[PDB]
Structure formats: C-alpha cells, structure tokens
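First up is the structure itself, then whatever we jot down about it.
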Amino acid sequence: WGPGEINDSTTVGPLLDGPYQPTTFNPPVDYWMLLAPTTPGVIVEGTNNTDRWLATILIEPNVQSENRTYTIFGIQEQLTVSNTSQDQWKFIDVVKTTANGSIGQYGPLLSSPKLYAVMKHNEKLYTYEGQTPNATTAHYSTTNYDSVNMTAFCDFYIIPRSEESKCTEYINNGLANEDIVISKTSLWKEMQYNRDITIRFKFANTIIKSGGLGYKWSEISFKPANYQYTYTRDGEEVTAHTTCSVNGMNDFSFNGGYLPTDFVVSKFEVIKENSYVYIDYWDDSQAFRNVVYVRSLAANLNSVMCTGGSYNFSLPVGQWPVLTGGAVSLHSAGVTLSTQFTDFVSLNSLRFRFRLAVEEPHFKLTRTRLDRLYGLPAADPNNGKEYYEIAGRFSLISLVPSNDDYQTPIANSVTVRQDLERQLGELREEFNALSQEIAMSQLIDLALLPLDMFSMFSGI
Amino acid sequence: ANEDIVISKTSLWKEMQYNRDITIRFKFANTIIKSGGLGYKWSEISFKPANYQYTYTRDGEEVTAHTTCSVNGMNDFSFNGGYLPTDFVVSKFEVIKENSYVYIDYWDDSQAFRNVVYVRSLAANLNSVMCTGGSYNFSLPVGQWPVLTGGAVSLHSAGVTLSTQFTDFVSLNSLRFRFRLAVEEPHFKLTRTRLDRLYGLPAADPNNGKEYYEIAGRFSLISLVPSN
Amino acid sequence: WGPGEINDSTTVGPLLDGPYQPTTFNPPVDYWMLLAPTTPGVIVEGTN
Amino acid sequence: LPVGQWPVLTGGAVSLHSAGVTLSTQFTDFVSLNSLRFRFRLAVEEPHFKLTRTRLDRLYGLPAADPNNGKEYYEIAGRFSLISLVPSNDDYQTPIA
C-alpha cells in the first residue's frame, strides 16, 4: 500500500529550441545568441546609432583579390575581398563609428561548424576571434552599452547562461490442458460492509522547467500527489494515505509565436469529458485493507462541483495569462482493482474513478489563440479549496478470506465452572430421614454376603 | 448501518497452476495526422490500437484469439529544423523507452484464460526477441525525405495486468500483458539531421516493412476456480 | 471480451502548421493564405 | 515481514493455581541448591486470542510470543508450611543448618 505506479509522459522539449525566424529584437541579459548562417550575406546587423555598427558578413572561399560591390544597410560599397585559407569560410567582423565612416576589419575567423554567438556582460561585448582550438574572446568597451536593435537574416539560437561551456563546445564543434494441484480447496465467504466513508483530496503540481528565459513550459500538467490525511469513519479513527491522479486527459499545444517574448506552450494537458480522476486510499483499519477482490461495490454519493481560476506564473518580463470562468462536476461510477505483478506475489491496489462533466461557464484563456476551453486547467485546479469533501454511503460485498467460526479445536472454550456438592448437613438430614425404607431380613442376608472393592461400587 | 451482512454461506475456491506456452504474433498501427496545407510540418504521428484476429494450435488445441495492441507511458520528442513553412520540422513525435510499457490484449476462449479473472500469481517465461526498427518515407511533394535507421529494442518480461471494471452494468474484463522495452544497438538515427541517438520502436512506420512480430512466451498461471 | 479503459497518454496535435514570420517564400497552391500586418507599409509582394 | 503489512498477535490470557509441591534442584554458577518445586495448573479465560491479517480467529490460551506484556515480573503471594526433621541427640542444641 502506498504510491501507485501510474506513469505519465515525460518532458516535451526540455532543452531544445528550434531555429528562430529572422526577426528584430534585443539580446536578453545572460543569454547567448548563437547564429546559424543559411545564405551568403549579412548575419547580424545591430544598430544603436551612437558607436556600434557591427555587421558580420559571410565570405565565400576560393576568391582572389578582387573589388566587389557589397550592400550594407541598403547601400552598396566598394570593398576588396581576399582569402588566405581556401579550405575554411572567413567571417570578417566589421565595426564602424558612423553610418559610412572608417571600416574596421577584425579577423580572420575560421571554424568547422561555422557557428558563433554575440553577447555582452559586465559592460563589455564579447567577440570571438581566432581558429579552433585557438579562439580568444576579445572585448569591446565603449559607453552606451544599452540594448541594440538587430535586423536578423538567418536562424538564431538562445541558450541559458549556465551552459556557457556548451556554447563553447557548439562554437568549436556544434550539433496446454495441464494443471498441477498446489493445495486443496480454499474456504472463502461472502460478506457485505456498509460504512460511512468520506472522500477528501487535494491536487498538487507546481511547475516543470523548460528552455529559454522560462516563458515556455515543457509540461505544465498534473502529477500523482501523495499526501497523508486523517478521517473518522463510523465513529473510529482512520489514517489514510491519499494518491490523486487523472488519466485520459487531452494534450493541447499552443503556438501563437516562435519567440521567447510570445506565449508558447510545448504541451498542456486539459481536462476532457473522456478524462477520469483516479483516487487511491491506503488505511490501517482492518475493515479497509480487507476490501480486496471485492465482487460488487455501490457508491451512493453526491455530486460535488469543482472550479478553477487564475494562476501565478514566474516571468521575468510581461504579464502571465489568466483564466476566467469554468466549472466541472464529479460523478460516481464503477470502481477498479488492479493487480500489479512483481515476483510470485500479487500486489493489489485500489483505484476510484470519478467521471468529469464540464458545465457552464466555459474556461477562457487570455492572450491565447483558443477560447471557450472545456475542463479544469492543470495550473490552478483548486482555486481556493483544499479538500473536496464527498460524503456518502458505500456497500462492499467482498470475498473475504475467512473460513468460519469453525477450523478450531472443539475443546477450545473457556472452562465451565465446576458444579458444587450437596451440603453435608443436608446429606446427614437425608440419610437420617431414609431410616424407614429399610427391610430387616433382606438386610441381614445382605450382611451375610461378603463385600469387596469391586462389589461395593457396582452401581457406582 | 454498521452491521456485517453475509449474503451467502461458505463458498468453495481452489488454487491451480496452469503452464501453457502462448505464442504471440502482433503488428503495430499508427495514427498518422498531418497539418493541412503544407505537408512539411509534422504535427504528431502517434500510435494506433491495432486489432487483428488469429487462431493457433498450441500443443494440439485450436484457440480463437482476438488481438489488440496498445501502449501506455509514451515519451515525446521533437525534431525542429527551424520554423519556416518549407523546412523539415516535426512538432511532436512519439518515442517509447524503458519508462513505457506495451499492452497486449489476448482475448481467448480457453478455459484457463476464461477462469483468470481474480488472479493470484503468474510467471512470464519470455525469450527476448530483437525487433530492429524500420524506416519511414514521408509524403513531401518535392525535396529530400529524412530516413530512419536502426532502433532495435527488445521486449523483456514486465508481468501482466488483469483488472475488472466493477460498474453497475457489467464487469468489464480488461486483460493486457505488460512488456518491458530494453534498448540495445543500433539506435535510431535520422539522415540529413543534426539530431540522432534515439531509442524505442518507431511511431512513423507501423509495420516497419515487415509482418507478425514473434514473441514466444510461457505462462504459469495461478488462479482461483470453483470445485466440489 | 473487448476494449478496455486503462489508458494513458492521449494526445492531439496542432492543425494550423504553426505561426509564421516575414520570409521570402512562395505560397502553396489550392490553400488560402491570410495576412496579419505587424508594421505599416509594404505587406506582401507576389511577383513573377 | 519485509514487504507488506506484517501480522500482529493480540490477546491471550490465563490463570495459575497450585496443585502440588516437591523438592527440586537448581544451580546458578557453582552453588548447588535444594529448591522447592511448585506445580501449577492452568485455566482458560475470557479475553480473545486471534491472529489478524489472516484467517486465524476464535482461539483461547496464551501465545509463546510476548507473554512479558511489558512487566518485568509476575507477582505471586502465598504461604507455605513444611515440617522438617532435625537431629536432636538431647532436648537442647538443636541444629539450624
């Protein structure tokens, strides 16, 4: 008895983020921005209009010294292109003070996977220069380190700060009809238990981490909760271990964007009319544990309404979505007993299924692509309630293993109090009163006959 | 009330051991659902409960077997090559691991498999069978298609599960044989991708370009039956 | 003897192929294409 | 029991009465003793004795599992009378040991 073995799906994309489309944004603090070039041209063009005009340009190999017109920021420019190493692609770094000022070339830059990142920290901008494995992180130091706007043209990767070594490794490398009788027949009997049983439970699930800055959630769903409660059934104390779970939910996916600034959910489980809540009980009372392989159970219970509301989500920027309205009804149905099989012993568990009926009002999610949602959300299934108390009558007609008041030595009763003896005074009175009923000659002839120990107690 | 009620007097039950070899041959099915409009964005390719019918001669007796294959515990993995409307991106994909078990539903007319409703014990004497993963070709109108290679996973013994739904209509018999998936070599590698080293039976090709998967199992069932 | 009820991991997938961003890609035929402006000015340029 | 709920024995109660006495031998380390052996008959009583978690019920007696019941001693108070023969060569100097 204890936590049941109900296994759910694992995390969906715990640390994997797809190549983002070319979009304009600002570099988040303490997050590397890896770049994945696709076509020759500008990769990152970040402008602050004060001193920074960085523009990384792809250079095709096997090109001699020639003057080629190249377009930067929509303006063509004459530039001499050359390559001292024809076996690797050259990534020339361009730094400029004004719109069309002096051109600062930084390099050469060579790497097998052709992957690099741009990030700033502690009022300095880290730039990668060298050839693997001799790359060195140079620093650019100039005032007005504020956020810059970059006109993206390829795929970008966002990586958490704690994986800086992983960022370096990505830069360097990248991604028949036979029965043997065991024993004789087993004596069993059928009995019915009528009990006053209360149903009390609490849902418990907080969060599952994901990638990015934490806006996206890999799996915000329900998890089997193991809590210890105590009730009083039929006027006697009963301690209970409660396991709460739900199976049969519908997993919906929200994709309103593909950036860490928009509302994106990897996987969210939603309550459905086809979903059923599993409730487990483990008590120490002899009455409860004896309910195994029970032939029939009837649950004369009462409907209890459950509501859900808004939930608090930890986000660095922006506001978390909220849920307005919604209610579900729990209804009684058939109960189930499972037989989890270890080595040669049948481990049995109790599972109570409650049917779900979504009623008005319908759940509405703010800042989402779908409204009028049905079923309780997996974020805040309680909304101001701890236990959903359910009082009812239970009938338990089970095959209890117990032979009878038989199967016991017949002489196994408390010793009966031994009888007493007639009072010696009454004995004397009776013997004295018996005088008249004696004959004379017959008594004399009996006295003539000798007696002995065997002749004395013939009638005794 | 709080009193004890006995509907009937003493009832008789006996425990017996049933040793029978049960040959298992199954085929997988998948629920292929695509995103309407492009065909390049694979939203989700999950499994499908496969249903077939067979009749076998096990040690000289014909038994009509109704077969159903199901899986519980599915792990989810995503293959994202970008977010463009033309690249190779899989939103959600189904992968099985040691976490998940496979449900096998042998609905049989034999006396032994009819009497096993309240089960006491059962040993699964199974020989591990290697099922190397197959390959699946997508349905892009143009362009190259990713190819699945390797992915052999054995089906080790994981016991059984026999539960009955005690509803007020009829006691629903739900028999399913548990199967443990152990990873071996080779794994699953996707061509033209930066991601490889995946496990489990594939969810893309149901039949894997093959036929009935052989699982030669043995069952020593311990159950309860009436007698006199 | 038939279908059971002990089932886990019932999931469904998206149907809108996911959101898009401004990219110079050709539109497929026999499928409607809605446009949502984000910045004033030029929206779409379908030219041969 | 390492797995599952272990069985627990409960109940069991008896009474002791004296039905005989004679001499006996007892030693502790190296000292021989001439002890008195009291014979006791037993009686079955009211309290129930059962083995839960199983099908053992409605039995009477006292199990050989935990008769100590926490108490480190069982008290029996009574009076015994014996008459001894002592070598008295006269009507004085009567030995004691």
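Labeling convention for the structure tokens: chains A, B, ... as they appear, residues from 1 per chain, ligands from 1 in order of appearance.
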
Task: Residues within 12 Å of range 34-40 of chain D, only C-alpha atoms, excluding chain neighbours under 4 positions, as a PyMOL selection string - done: chain D and resi 14-27+76+78+80-82

Can you write out as JSON lines which residues of chain A fall within 10 Å of chain D, alongside each residue's closest atom pair and its distance in Å to one decimal, counting only C-alpha atoms and ordering rows by chain and ascending residue number?
```
{"residue": "A:1", "atom": "CA", "partner": "D:4", "partner_atom": "CA", "distance": 7.2}
{"residue": "A:187", "atom": "CA", "partner": "D:55", "partner_atom": "CA", "distance": 9.7}
{"residue": "A:188", "atom": "CA", "partner": "D:55", "partner_atom": "CA", "distance": 9.8}
{"residue": "A:284", "atom": "CA", "partner": "D:5", "partner_atom": "CA", "distance": 9.2}
{"residue": "A:286", "atom": "CA", "partner": "D:53", "partner_atom": "CA", "distance": 7.8}
{"residue": "A:289", "atom": "CA", "partner": "D:53", "partner_atom": "CA", "distance": 9.0}
{"residue": "A:290", "atom": "CA", "partner": "D:53", "partner_atom": "CA", "distance": 8.2}
{"residue": "A:347", "atom": "CA", "partner": "D:4", "partner_atom": "CA", "distance": 9.1}
{"residue": "A:400", "atom": "CA", "partner": "D:55", "partner_atom": "CA", "distance": 9.4}
{"residue": "A:401", "atom": "CA", "partner": "D:55", "partner_atom": "CA", "distance": 6.5}
{"residue": "A:402", "atom": "CA", "partner": "D:55", "partner_atom": "CA", "distance": 4.8}
{"residue": "A:403", "atom": "CA", "partner": "D:55", "partner_atom": "CA", "distance": 6.7}
{"residue": "A:404", "atom": "CA", "partner": "D:55", "partner_atom": "CA", "distance": 8.6}
{"residue": "A:405", "atom": "CA", "partner": "D:58", "partner_atom": "CA", "distance": 6.6}
{"residue": "A:406", "atom": "CA", "partner": "D:58", "partner_atom": "CA", "distance": 8.6}
{"residue": "A:407", "atom": "CA", "partner": "D:56", "partner_atom": "CA", "distance": 8.4}
{"residue": "A:408", "atom": "CA", "partner": "D:59", "partner_atom": "CA", "distance": 7.0}
{"residue": "A:409", "atom": "CA", "partner": "D:59", "partner_atom": "CA", "distance": 8.3}
{"residue": "A:411", "atom": "CA", "partner": "D:60", "partner_atom": "CA", "distance": 10.0}
{"residue": "A:412", "atom": "CA", "partner": "D:60", "partner_atom": "CA", "distance": 6.2}
{"residue": "A:413", "atom": "CA", "partner": "D:60", "partner_atom": "CA", "distance": 6.9}
{"residue": "A:414", "atom": "CA", "partner": "D:44", "partner_atom": "CA", "distance": 5.2}
{"residue": "A:415", "atom": "CA", "partner": "D:44", "partner_atom": "CA", "distance": 6.0}
{"residue": "A:416", "atom": "CA", "partner": "D:44", "partner_atom": "CA", "distance": 9.5}
```

- [ ] Restrict the distance test to only C-alpha atoms, flag each residue of chain A within 8 Å of chain C, and return the flagged residues as an MDAnalysis selection string.
- [x] chainID A and resid 7:9 21:23 247:258

Write the residues of the selection above to a file with N, CA, C and O atoms, as a compact mmCIF listing (two decimals), in the first residue's frame.
```txt
# COMPACT_ATOMS: atom_id res chain seq x y z
N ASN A 7 2.33 5.93 -14.66
CA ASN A 7 3.40 6.59 -15.38
C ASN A 7 2.82 7.48 -16.48
O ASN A 7 2.01 7.01 -17.29
N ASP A 8 3.22 8.74 -16.49
CA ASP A 8 2.78 9.70 -17.48
C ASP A 8 3.89 10.00 -18.48
O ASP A 8 4.99 9.45 -18.40
N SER A 9 3.59 10.87 -19.43
CA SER A 9 4.57 11.26 -20.43
C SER A 9 5.67 12.12 -19.80
O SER A 9 5.46 12.81 -18.80
N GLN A 21 13.04 32.30 -36.67
CA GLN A 21 12.98 33.03 -37.92
C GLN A 21 13.68 34.38 -37.77
O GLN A 21 13.82 34.89 -36.66
N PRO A 22 14.13 34.97 -38.88
CA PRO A 22 14.75 36.30 -38.80
C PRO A 22 13.77 37.36 -38.32
O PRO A 22 12.83 37.71 -39.03
N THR A 23 14.00 37.88 -37.12
CA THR A 23 13.13 38.89 -36.52
C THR A 23 13.99 39.91 -35.79
O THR A 23 15.14 39.66 -35.44
N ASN A 247 -6.28 10.35 -15.53
CA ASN A 247 -5.85 9.74 -16.78
C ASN A 247 -6.94 9.90 -17.82
O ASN A 247 -8.13 9.96 -17.48
N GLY A 248 -6.54 9.97 -19.08
CA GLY A 248 -7.46 10.22 -20.17
C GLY A 248 -7.58 11.66 -20.60
O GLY A 248 -8.52 11.99 -21.33
N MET A 249 -6.68 12.53 -20.15
CA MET A 249 -6.73 13.94 -20.50
C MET A 249 -6.36 14.15 -21.97
O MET A 249 -5.82 13.26 -22.63
N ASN A 250 -6.66 15.34 -22.47
CA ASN A 250 -6.29 15.75 -23.81
C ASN A 250 -5.13 16.74 -23.73
O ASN A 250 -5.20 17.72 -22.98
N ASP A 251 -4.08 16.48 -24.50
CA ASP A 251 -2.88 17.31 -24.50
C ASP A 251 -2.97 18.29 -25.66
O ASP A 251 -2.88 17.89 -26.83
N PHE A 252 -3.13 19.57 -25.35
CA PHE A 252 -3.21 20.62 -26.35
C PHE A 252 -1.88 21.36 -26.44
O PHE A 252 -1.12 21.43 -25.47
N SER A 253 -1.61 21.90 -27.62
CA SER A 253 -0.39 22.65 -27.89
C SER A 253 -0.76 24.05 -28.35
O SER A 253 -1.59 24.22 -29.25
N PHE A 254 -0.14 25.06 -27.74
CA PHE A 254 -0.37 26.46 -28.08
C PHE A 254 0.87 27.00 -28.78
O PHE A 254 1.98 26.92 -28.25
N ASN A 255 0.66 27.56 -29.98
CA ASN A 255 1.74 28.19 -30.75
C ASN A 255 1.20 29.48 -31.34
O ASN A 255 0.67 29.50 -32.46
N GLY A 256 1.33 30.57 -30.59
CA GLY A 256 0.95 31.88 -31.07
C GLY A 256 2.14 32.65 -31.60
O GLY A 256 2.00 33.70 -32.23
N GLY A 257 3.34 32.12 -31.34
CA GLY A 257 4.57 32.72 -31.79
C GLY A 257 5.69 31.72 -31.70
O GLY A 257 5.50 30.57 -31.29
N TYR A 258 6.89 32.16 -32.09
CA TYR A 258 8.08 31.32 -32.01
C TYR A 258 9.26 32.09 -31.43
O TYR A 258 10.41 31.88 -31.84
```

Task: Expected answer as a PyMOL selection string: strand (DSSP E or B) residues in chain D - done: chain D and resi 9-11+14-27+32-44+49-51+56-59

TODO: Counting only C-alpha atoms, collect the residues of chain B whose closest atom lies at most 9 Å from chain C, and write them out as a PyMOL selection string.
DONE: chain B and resi 33-46+66+68+70-75+83-86+91-92+105+107-108+163+165+172-176

Requested write-out: N, CA and C atoms of the selected residues, as a compact mmCIF listing (two decimals), in the first residue's frame:
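And here's again-v1.txt as it stands now:
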```
# COMPACT_ATOMS: atom_id res chain seq x y z
N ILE B 33 -1.45 11.76 -38.40
CA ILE B 33 -2.19 13.01 -38.53
C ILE B 33 -1.23 14.09 -39.00
N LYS B 34 -1.58 14.75 -40.09
CA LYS B 34 -0.75 15.77 -40.70
C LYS B 34 -1.41 17.14 -40.59
N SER B 35 -0.61 18.18 -40.78
CA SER B 35 -1.09 19.55 -40.77
C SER B 35 -1.57 19.92 -42.17
N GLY B 36 -2.85 20.25 -42.28
CA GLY B 36 -3.43 20.53 -43.59
C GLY B 36 -2.90 21.83 -44.16
N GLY B 37 -2.42 21.78 -45.40
CA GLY B 37 -2.00 22.97 -46.10
C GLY B 37 -0.62 22.89 -46.72
N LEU B 38 0.34 22.32 -45.99
CA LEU B 38 1.71 22.21 -46.48
C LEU B 38 2.18 20.77 -46.62
N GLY B 39 2.03 19.97 -45.57
CA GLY B 39 2.59 18.64 -45.54
C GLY B 39 4.03 18.58 -45.09
N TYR B 40 4.67 19.73 -44.86
CA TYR B 40 6.04 19.78 -44.39
C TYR B 40 6.15 19.87 -42.88
N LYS B 41 5.08 20.29 -42.20
CA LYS B 41 5.06 20.41 -40.75
C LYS B 41 4.36 19.17 -40.18
N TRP B 42 5.15 18.27 -39.61
CA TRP B 42 4.61 17.06 -38.99
C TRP B 42 4.17 17.40 -37.57
N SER B 43 2.86 17.52 -37.37
CA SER B 43 2.34 17.89 -36.06
C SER B 43 2.53 16.76 -35.05
N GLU B 44 2.00 15.58 -35.36
CA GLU B 44 2.08 14.46 -34.43
C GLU B 44 1.79 13.17 -35.18
N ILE B 45 2.67 12.18 -35.02
CA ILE B 45 2.48 10.85 -35.60
C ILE B 45 2.55 9.87 -34.43
N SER B 46 1.39 9.55 -33.86
CA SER B 46 1.30 8.71 -32.68
C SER B 46 1.01 7.26 -33.09
N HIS B 66 -8.50 -13.15 -30.13
CA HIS B 66 -8.74 -11.79 -30.57
C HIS B 66 -7.63 -10.91 -30.01
N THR B 68 -5.33 -7.29 -29.64
CA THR B 68 -5.32 -5.83 -29.60
C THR B 68 -4.02 -5.36 -28.98
N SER B 70 -1.80 -2.08 -27.54
CA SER B 70 -1.89 -0.73 -27.01
C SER B 70 -0.61 -0.41 -26.26
N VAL B 71 -0.39 0.88 -26.03
CA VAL B 71 0.81 1.37 -25.36
C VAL B 71 0.42 2.44 -24.36
N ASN B 72 1.07 2.43 -23.19
CA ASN B 72 0.88 3.45 -22.17
C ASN B 72 2.23 3.86 -21.61
N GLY B 73 2.40 5.15 -21.36
CA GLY B 73 3.65 5.70 -20.90
C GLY B 73 4.49 6.38 -21.97
N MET B 74 3.88 6.80 -23.08
CA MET B 74 4.63 7.29 -24.23
C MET B 74 5.48 8.50 -23.88
N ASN B 75 6.73 8.48 -24.32
CA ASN B 75 7.61 9.64 -24.24
C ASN B 75 7.48 10.46 -25.51
N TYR B 83 11.55 27.09 -38.26
CA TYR B 83 10.13 27.41 -38.19
C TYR B 83 9.60 27.92 -39.53
N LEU B 84 10.36 27.74 -40.61
CA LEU B 84 9.93 28.15 -41.93
C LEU B 84 8.83 27.22 -42.44
N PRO B 85 8.02 27.69 -43.40
CA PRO B 85 6.99 26.82 -43.99
C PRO B 85 7.51 25.82 -45.01
N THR B 86 8.82 25.64 -45.13
CA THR B 86 9.39 24.73 -46.11
C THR B 86 10.41 23.75 -45.55
N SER B 91 6.68 18.84 -35.07
CA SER B 91 6.20 19.44 -33.83
C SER B 91 6.30 18.46 -32.67
N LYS B 92 5.56 17.36 -32.75
CA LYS B 92 5.57 16.32 -31.73
C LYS B 92 5.76 14.96 -32.38
N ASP B 105 -3.41 -7.47 -25.74
CA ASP B 105 -4.74 -7.93 -25.35
C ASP B 105 -5.06 -9.22 -26.09
N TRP B 107 -7.57 -11.92 -26.22
CA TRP B 107 -8.92 -12.32 -25.85
C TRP B 107 -9.13 -13.74 -26.36
N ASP B 108 -9.10 -14.71 -25.44
CA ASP B 108 -9.04 -16.12 -25.80
C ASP B 108 -10.23 -16.86 -25.21
N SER B 163 -7.38 -6.29 -14.72
CA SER B 163 -8.30 -5.54 -13.87
C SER B 163 -9.70 -5.60 -14.45
N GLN B 165 -13.56 -3.83 -14.38
CA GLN B 165 -14.33 -2.64 -14.03
C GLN B 165 -15.65 -3.07 -13.38
N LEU B 172 -16.40 -5.38 -16.61
CA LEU B 172 -15.62 -5.30 -17.84
C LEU B 172 -14.26 -5.97 -17.63
N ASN B 173 -14.00 -7.03 -18.40
CA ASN B 173 -12.72 -7.73 -18.35
C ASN B 173 -11.71 -6.98 -19.21
N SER B 174 -10.65 -6.49 -18.58
CA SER B 174 -9.60 -5.74 -19.26
C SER B 174 -8.27 -6.45 -19.02
N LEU B 175 -7.89 -7.30 -19.98
CA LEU B 175 -6.66 -8.08 -19.90
C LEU B 175 -5.61 -7.43 -20.80
N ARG B 176 -4.43 -7.19 -20.24
CA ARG B 176 -3.34 -6.59 -21.00
C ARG B 176 -2.02 -7.13 -20.46
```

Task: Polymer residues at most 8 Å from residue 225 in chain A, only C-alpha atoms, same-chain spacing of 5 or more positions, as a list in words - done: residues 202, 203, 204, 205, 242, 243, 244 and 245 of chain A

Open item on the list: Using only C-alpha atoms, which protein or nucleic acid residues come within 12 Å of residue 232 in chain A? Drop anything in the same chain fewer than 2 positions from it, and give the result as a ChimeraX atom specification.
Closed with: /A:195-200,229-230,234-240,283,285,391

Task: residue 1 in chain B environment, 12 Å, only C-alpha atoms, sequence neighbours closer than 3 positions dropped, as number ranges by chain - done: A: 192-196, 234, 393-395; B: 4-5

For the selection just defined, write its residues with C-alpha atoms to a file, as a PDB file, in the first residue's frame.
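Generated output (selection_10.pdb):
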```pdb
ATOM      1  CA  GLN A 192     -21.173  -7.032   2.934  1.00  0.00           C
ATOM      2  CA  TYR A 193     -19.677  -3.923   4.535  1.00  0.00           C
ATOM      3  CA  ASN A 194     -21.818  -0.807   4.912  1.00  0.00           C
ATOM      4  CA  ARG A 195     -19.633   2.099   6.013  1.00  0.00           C
ATOM      5  CA  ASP A 196     -19.633   5.883   6.309  1.00  0.00           C
ATOM      6  CA  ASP A 234     -18.079   5.091  11.529  1.00  0.00           C
ATOM      7  CA  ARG A 393     -22.705   5.508   1.786  1.00  0.00           C
ATOM      8  CA  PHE A 394     -20.614   2.601   0.479  1.00  0.00           C
ATOM      9  CA  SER A 395     -21.631  -1.054   0.165  1.00  0.00           C
TER      10      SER A 395
ATOM     11  CA  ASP B   4     -21.973  -7.118   8.907  1.00  0.00           C
ATOM     12  CA  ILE B   5     -24.204  -8.836   6.346  1.00  0.00           C
TER      13      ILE B   5
END
```

Open item on the list: So that I can see what lies close to residue 100 in chain A, please list as a PyMOL selection string the residues with an atom at most 10 Å from it, counting only C-alpha atoms and leaving out residues fewer than 5 positions away in the same chain.
Closed with: chain A and resi 53+72+75+77

Each chain B residue no farther than 6 Å from chain A, nearest pair in Å, only C-alpha atoms, as JSON lines:
```
{"residue": "B:1", "atom": "CA", "partner": "A:194", "partner_atom": "CA", "distance": 6.0}
{"residue": "B:2", "atom": "CA", "partner": "A:194", "partner_atom": "CA", "distance": 5.7}
{"residue": "B:4", "atom": "CA", "partner": "A:193", "partner_atom": "CA", "distance": 5.9}
{"residue": "B:5", "atom": "CA", "partner": "A:192", "partner_atom": "CA", "distance": 4.9}
{"residue": "B:6", "atom": "CA", "partner": "A:191", "partner_atom": "CA", "distance": 4.0}
{"residue": "B:8", "atom": "CA", "partner": "A:190", "partner_atom": "CA", "distance": 5.9}
{"residue": "B:10", "atom": "CA", "partner": "A:189", "partner_atom": "CA", "distance": 4.7}
{"residue": "B:11", "atom": "CA", "partner": "A:188", "partner_atom": "CA", "distance": 5.4}
{"residue": "B:12", "atom": "CA", "partner": "A:187", "partner_atom": "CA", "distance": 5.5}
{"residue": "B:13", "atom": "CA", "partner": "A:186", "partner_atom": "CA", "distance": 5.1}
{"residue": "B:14", "atom": "CA", "partner": "A:185", "partner_atom": "CA", "distance": 4.2}
{"residue": "B:16", "atom": "CA", "partner": "A:181", "partner_atom": "CA", "distance": 5.3}
{"residue": "B:17", "atom": "CA", "partner": "A:179", "partner_atom": "CA", "distance": 5.4}
{"residue": "B:18", "atom": "CA", "partner": "A:179", "partner_atom": "CA", "distance": 5.1}
{"residue": "B:20", "atom": "CA", "partner": "A:176", "partner_atom": "CA", "distance": 4.6}
{"residue": "B:73", "atom": "CA", "partner": "A:8", "partner_atom": "CA", "distance": 5.3}
{"residue": "B:74", "atom": "CA", "partner": "A:9", "partner_atom": "CA", "distance": 5.5}
{"residue": "B:75", "atom": "CA", "partner": "A:9", "partner_atom": "CA", "distance": 5.1}
{"residue": "B:76", "atom": "CA", "partner": "A:12", "partner_atom": "CA", "distance": 5.4}
{"residue": "B:77", "atom": "CA", "partner": "A:12", "partner_atom": "CA", "distance": 5.8}
{"residue": "B:80", "atom": "CA", "partner": "A:18", "partner_atom": "CA", "distance": 5.0}
{"residue": "B:82", "atom": "CA", "partner": "A:19", "partner_atom": "CA", "distance": 4.2}
{"residue": "B:120", "atom": "CA", "partner": "A:346", "partner_atom": "CA", "distance": 5.7}
{"residue": "B:121", "atom": "CA", "partner": "A:344", "partner_atom": "CA", "distance": 5.7}
{"residue": "B:159", "atom": "CA", "partner": "A:341", "partner_atom": "CA", "distance": 5.5}
{"residue": "B:161", "atom": "CA", "partner": "A:339", "partner_atom": "CA", "distance": 5.7}
{"residue": "B:163", "atom": "CA", "partner": "A:338", "partner_atom": "CA", "distance": 4.8}
{"residue": "B:165", "atom": "CA", "partner": "A:336", "partner_atom": "CA", "distance": 5.1}
{"residue": "B:166", "atom": "CA", "partner": "A:334", "partner_atom": "CA", "distance": 5.1}
{"residue": "B:167", "atom": "CA", "partner": "A:334", "partner_atom": "CA", "distance": 3.8}
{"residue": "B:194", "atom": "CA", "partner": "A:175", "partner_atom": "CA", "distance": 5.6}
```

Open item on the list: For residue 97 in chain D, find every residue with an atom within 12 Å (counting only C-alpha atoms), except residues of its own chain fewer than 2 positions away, and show them as a PyMOL selection string.
Closed with: chain D and resi 84-87+93-95
